Every structure is written in C-alpha cells, then in structure tokens.
Amino acid sequence: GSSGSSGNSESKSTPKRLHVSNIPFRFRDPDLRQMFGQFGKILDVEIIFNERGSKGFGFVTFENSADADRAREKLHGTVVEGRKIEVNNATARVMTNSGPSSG
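First residue of the sequence shown: -11, per this note's numbering; consecutive thereafter.
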C-alpha cells in the first residue's frame, strides 16, 4: 500500500463467521437463515444451546467478508422481541491473511 508491493496469492473474500448472543431460546437455524439472510446468502449456521445453564448464543457463517461487516453492525444493537442482542466478530474459524494489514 505505502511501501510498494503487489501480487497476492489469494485475492478472494473468505467466509466471515459472526457471534450472536442474548437471543430467544425458541430461535433456530431456520430463523438465522432468514433474518440474517436478508443481508446476503448465508453459508452455515449453528446455534448452541442446552438446559444445564444459560446457553443462548449462535454463530452465522457468511459467504462474503464485506457483507458480514455491514450486517454485523446493523444487527449489532437490534431489539428482537423486546430483547437487545449482541453481535461481535469471532476468531475461531479463520486464518488472518498474512499481509501488511493487522487487527
């Protein structure tokens, strides 16, 4: 960018998995596919939950990294059924591109 270099082995956007919490227990994969789907075509979805404790949070895997940022923020602060949900980037399934850019 500044120094003066080019030529990237991979020049394609990689799926961006987001993390959501504070969501109704009635919610399911289907919903996420629709709700979030509005932003774009979802790739994968997994909403972990259980009885032993309070496990109310799932994950959404988008097809594009850009579209994931636009939505993430959009949903980041939405009142669903009178319940504010939290949306933040996850660092579980991803391999930061070794380049001149850092987090």
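For each residue, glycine too, the CB sits at the ideal point set by N, CA and C.
Asked	Found
Taking buried to mean at least 16 other C-beta atoms within 10 Å of its own C-beta, is residue 46 buried or exposed?	buried
How about residue 6 and residue 75: are their beta carbons less than 8 Å apart?	yes
Along the chain, where does the alpha helix (DSSP H) that runs through residue 34 open and close?	Here residue 34 belongs to no alpha helix (DSSP H); instead the beta strand (DSSP E) covers 30 to 36.
When we look at the beta-carbon of residue 54 and count the other beta-carbons within 10 Å, is it buried (16 or more) or exposed?	exposed
I want to know whether the stretch -2 to 12 touches the stretch 52 to 71 - three or more CB-CB distances under 8 Å.	yes
Go to residue 9, then tell me how far its beta strand (DSSP E) extends in each direction, as first and last residue.	5 to 9
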